[PDB]
């Protein structure tokens, strides 16, 4: 895929899926800016902007500054997110609020600050990273899954709001991935994954393909949806999970 000459923004670009996605865009020729709360890695091969996406005023100031100096924003990737686990009646007030502020509010702020640019330029692509938890109820993750379902709903209506401007808006819903989330077990056994096997007593299916996701496999799906090869695709959500939701 040739993204040479295209301007690409990626949130959550400090690590994990967002970093792998920004890197893939760089490797495909794009002019990339990454946004995150922290950039703790040693090297980032793209422009970095420190930003709390859950701070509406900070998002306004940063996006307005950057938008004043670009002719078009070809691709926006929303990939910020946090996980706070807990049974619904055990979850703290702070974990509930921060889950929604980051996981939905973040994209909301980005949309509020970029939709006018998309309408003015008339075209471009948005890809939003949701979660398989937006597709199925998950013991221990009720708030997380609910925040991701809200994000998916918001992104789809934004897609409808921008479709008349020729803008395409899609999502990717990763399953278990080698990075972030619950990547490490509570014992010294990771190895042959428990995640691949499933956990039937909590109505959690295993993974039919027999492996968890690599970040590159999420990134490459994002790049496809961001590309002219997806030029008739909008309002779709590609689950990238080895079949674990069985297509849900």
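Take the two forms, find the largest set of C-alpha atoms that superpose within 1.5 Å, and that set is the rigid core. Positions refer to the first chain, counted from 1.
Participant: Would you say which of 207-215 and 60-68 moves more relative to the shown form in 6 other deposited structures of this protein, going by RMS C-alpha distance with the core superposed?
Facilitator: Result of the core-fitted comparison in 6 other deposited structures of this protein: 207-215 deviates more.
Participant: Which stretch is less alike in 6 other deposited structures of this protein, 82-90 or 148-156, counting RMS CA distance after the rigid core is superposed?
Facilitator: Farther on average in 6 other deposited structures of this protein: 82-90.
Participant: Quick test of your reading: does residue 48 have no coordinates in a third or more of the other entries compared?
Facilitator: Per the records, residue 48 is modelled in all the other entries.
Participant: Tell me whether residue 184 turns out to be unmodelled in at least a third of the other entries of this protein, restricted to those that model residues on both sides.
Facilitator: Across the compared entries, residue 184 is left out in at least a third.
Participant: When the Cα temperature factors in the entry are averaged, is it 15-23 or 235-243 that ends up higher?
Facilitator: Between 15-23 and 235-243, it is 15-23 that shows the higher mean C-alpha B-factor.
Participant: Comparing average C-alpha B factors as deposited, tell me which of 141-149 and 173-181 sits higher.
Facilitator: Going by the record's values, the stretch with the higher mean is 173-181.
Participant: With respect to the C-alpha temperature factors reported in the PDB entry, which of 51, 213, 223, 205 ranks highest?
Facilitator: Comparing C-alpha B-factors across 51, 213, 223, 205, the maximum falls on 51.
Participant: What's the residue among 130, 126, 154, 93 with the greatest CA temperature factor in the PDB record?
Facilitator: In this record, 93 carries the highest C-alpha B-factor of the candidates.
Participant: When the modelled residues of the chain are sorted by Cα temperature factor, does residue 78 land in the lowest, middle or highest third?
Facilitator: Within its chain, residue 78 is a lowest-third residue by C-alpha B-factor, going by the deposited values.
Participant: Among the chain's modelled residues, which third holds the C-alpha B-factor of residue 105?
Facilitator: For residue 105, the deposited C-alpha B-factor lands in the middle third.
Participant: Mind checking which third residue 218 falls in for C-alpha B-factor across the chain?
Facilitator: Bottom third by C-alpha B-factor.
Participant: Please place residue 122 in the lowest, middle or highest third of its chain by C-alpha B factor as given in the entry.
Facilitator: Tercile = highest for this residue's CA B-factor.
Participant: Considering only modelled residues of the same chain, in which third does the CA B-factor of residue 164 rank: lowest, middle or highest?
Facilitator: Highest third - that is where residue 164 ends up once the chain's C-alpha B-factors are sorted.
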